[PDB]
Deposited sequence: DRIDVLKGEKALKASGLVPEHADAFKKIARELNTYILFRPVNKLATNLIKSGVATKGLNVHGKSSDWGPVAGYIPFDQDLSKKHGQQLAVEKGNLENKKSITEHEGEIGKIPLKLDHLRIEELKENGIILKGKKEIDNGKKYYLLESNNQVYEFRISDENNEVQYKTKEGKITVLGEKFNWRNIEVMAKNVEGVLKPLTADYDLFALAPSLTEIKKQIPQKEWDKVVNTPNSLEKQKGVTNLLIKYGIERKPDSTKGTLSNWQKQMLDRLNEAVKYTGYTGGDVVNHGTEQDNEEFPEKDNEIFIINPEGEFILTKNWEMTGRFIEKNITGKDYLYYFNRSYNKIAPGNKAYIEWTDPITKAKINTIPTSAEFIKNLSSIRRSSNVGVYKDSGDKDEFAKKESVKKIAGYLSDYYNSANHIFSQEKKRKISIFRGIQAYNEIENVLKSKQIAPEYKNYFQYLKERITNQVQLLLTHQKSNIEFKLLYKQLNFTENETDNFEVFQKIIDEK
């Protein structure tokens, strides 16, 4: 799990959050016994945010800029964002910015970018732009601004800090355009009749509260009456109903993007803590859901370098220590040694995967196959057994997610690993049965063989991680040395041959 992660001040610098904000979060995590995870913030947006600039909310999906004079802000023209020249990307962004203005009837607009005094300085402190030799045009007083832009040229003005821009001599934008000097406009919010510029916001990746702490707050009588009973080990639906009842876990059928009542109070707490530190731009956190910034229940800072590392960190320190977290995205629980993990290629996206899919990924994968081959999982037309067939695929999707999540509501840490392995085995079994009906189309057959192999591989590495001599023992316990050598050798030979 701790695969070369960063921590302390180095983790804080890589995350982009403003130092005083992260520090106030540290207290929340500690007062509430919760893990707080954030996506990394655009590092060129940190100063803007600490200086009070407002953050973008739900209504603006335009990417902020990482380069040029506009760096940190959200350019109306997305060819000035972290998307240097991706045709498809820039076109999607520009559209979103236009719609942001039309759909919010005045609450969102665009205003000319004004690089004040201190900002130009800050840009100069970094490798972004430098001031320079003045320029004259239409009786206007200018100052070009040097930026490694391949395709654009910029410049500022004197009285008004307005910043302008034009295409290079014979260069074309990625949309097939070119033009003369136009002011640079950025996305804005209508505060009290006045449009204020917007910058990057703090993206919550997750909030993982303590399950044991939660249990302690629930009336003892009710808990023992909803938990301690008939469900033998696995299948704790009771735990789930209590978490929903007391506003800890979101409603049954998660609306488009609803937040649990505990999550809403947590947002208020975070935003309130940031205001208390002098922030005057409103809220810094606006919704709750490849490096990840982590603040643990002890106020420590950690930063994971990629998704596999953060998936393993969550399993070991958060989920494995009884904090709450649900995986929607998959990862390999045990990392690759010499023999790389086999891969599957999505027919449509052409993406490659080497993990056991979670439920939603499984549903998507099957969707790619359905598109690409134009047939469903089964072949018998005039559906008969149409009920079990559908149920069958549903059971597999359920077990794939259980492999990653059944241990979320299980208290015993040693039971967590045991239930997870067993879930993987149930998935394998269900998949094999689907293949044993012999009524599966061929493009799906290949994908199911891939699932069988990855499952087999991971379940073998998990068992061994616990008991390194378990392979030997599973076979050894089945042998009998009270018999004579020859008889005992036949038994051995049957077991490994079957």
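In this entry, the deposited residues absent from the coordinate set span 290-300, 510.
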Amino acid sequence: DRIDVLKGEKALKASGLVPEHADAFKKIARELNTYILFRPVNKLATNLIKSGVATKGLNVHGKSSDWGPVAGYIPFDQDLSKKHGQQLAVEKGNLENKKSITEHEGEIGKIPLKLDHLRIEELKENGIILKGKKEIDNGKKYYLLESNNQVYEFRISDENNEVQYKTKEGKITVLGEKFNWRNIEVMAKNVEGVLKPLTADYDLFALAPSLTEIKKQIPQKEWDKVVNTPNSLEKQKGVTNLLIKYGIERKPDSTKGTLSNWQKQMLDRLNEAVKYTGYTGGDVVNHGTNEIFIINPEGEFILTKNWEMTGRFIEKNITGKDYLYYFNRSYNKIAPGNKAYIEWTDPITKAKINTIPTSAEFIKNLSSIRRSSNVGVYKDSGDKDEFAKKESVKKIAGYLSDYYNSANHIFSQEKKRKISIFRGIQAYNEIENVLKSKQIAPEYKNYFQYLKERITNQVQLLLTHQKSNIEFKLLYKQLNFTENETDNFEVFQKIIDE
From here on, numbers count along this sequence of modelled residues.
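On average the C-alpha atoms of 162-170 have higher B-factors than those of the other stretch, with 162-170 and 240-248 being the two compared. In this entry, the higher average B-factor at the C-alpha atoms falls on 294-302, of the pair 398-406 and 294-302. Within the selection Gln265, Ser147, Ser330, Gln426, the deposited Cα B-factor values reach their highest point at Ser147. Per the PDB entry, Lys389 shows the highest C-alpha temperature factor of the residues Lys216, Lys275, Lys389, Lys364.
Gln458 sits in the lowest third of its chain by CA B factor, as recorded in the PDB entry. When the modelled residues of the chain are ordered by C-alpha B-factor, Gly68 sits in the highest third.
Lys438 sits in the highest third of its chain by CA B factor, as recorded in the PDB entry. Ranked against the other modelled residues of its chain, the C-alpha B-factor of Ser254 as given in the entry falls in the highest third. When the modelled residues of the chain are ordered by their C-alpha B factor, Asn261 lands in the middle third.
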